[PDB]
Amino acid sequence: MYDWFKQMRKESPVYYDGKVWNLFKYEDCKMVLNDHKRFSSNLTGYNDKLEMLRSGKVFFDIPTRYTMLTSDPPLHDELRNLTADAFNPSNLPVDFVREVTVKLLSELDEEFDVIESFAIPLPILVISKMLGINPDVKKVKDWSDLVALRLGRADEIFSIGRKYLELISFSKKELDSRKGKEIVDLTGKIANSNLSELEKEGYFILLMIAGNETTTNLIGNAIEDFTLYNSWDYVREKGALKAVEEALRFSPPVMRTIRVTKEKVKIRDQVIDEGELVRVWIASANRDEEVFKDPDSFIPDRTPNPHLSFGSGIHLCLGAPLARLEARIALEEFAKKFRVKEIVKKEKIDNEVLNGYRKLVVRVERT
């Protein structure tokens, strides 16, 4: 995928495939992501039916159509601000994370799968913690793949199956709980808000899932990258702050984004009429020669590192501060306790916009 980008970065930054536009240039990308006035995120008719929905009307539709993720201002501000200050560094359960993470490694054997044994649990253990719920890790993971693994796939991203209704009823049940208030759970806040009934169900599923899957991929990626390019030592003594950041740029969980135009736009020599999709490639951007010196090299201490892994602008991953945190503690405790001796085998997540491993086996020996 990267050779293509490098090529597209040179030959054609603003490319039009069959029906969607594509940007591979950092500059073009960043600008577009910060231009919510023209490049909108209203891709599910969320804003459109905000009046109809708030009027109390109720129609059947997958709750995932209505998340702040696909909403434009000012509705966005309204949805994001409700639980935005909960994900600020100061309000992060840094303790919980460290304790659940340390336990997570308490008995790791000589050859285990870091994904299904560490990468998957932590995210879900934590987001649910903040979420104020606590179900089956396998259950949540199932619901996550169900939602994520259908990303990018043109229509199977709005379709409802049986196991999906299980996700819907789950949210409805959990939600119904928290009302009566005395808020404590992030879920708590959600239920008791002016939001329409299904908006609540969308916001709920949005934090539970958008949390873990991408967060797990980041740690799986980091572990490989840190091994392939030998960065473990550096981690043990200097920390994981800058490294965690290199992982993001070099091996991003979210390979790209998409947006629609509200007016005619002209990015470079290419004009784009309104009502068109614009695939914003974060991965390509992260490797742009114009912005990163020796971009195709992995540098744990690489700085500056203005990657677009978490996005940019007003939709900048709301869980960004939490992920870096979870990322840092998992890798340092892992780096502290273990010493990777080799990457035995690995299976990639079958998805084109989610860069990650579903299984990553490693041989190790305790310090």
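Residue positions are given as counts along the sequence shown, with the first one as 1.
- Note on 46 to 54 vs 66 to 74: mean CA B-factor is higher in 46 to 54.
- The question of which stretch, 14 to 22 or 339 to 347, has the higher mean Cα B factor is settled in favour of 339 to 347.
- Across 279, 150, 98, 172, the entry's maximum B-factor at the CA atom is seen for 150.
- Out of 107, 113, 213, 224, the entry records its largest CA B-factor for 107.
- Looking at the C-alpha B-factors along this chain, the one for residue 253 belongs to the lowest third.
- Split the chain's modelled residues into thirds by C-alpha temperature factor. Residue 333 is in the middle one.
- Ranked by C-alpha B-factor against the other modelled residues of its chain, residue 137 falls in the middle third.
- Compared with the other modelled residues of the chain, the Cα B-factor recorded for residue 220 ranks in the lowest third.
- The entry lists a Cα temperature factor for residue 301 that places it in the middle third of the chain's modelled residues.
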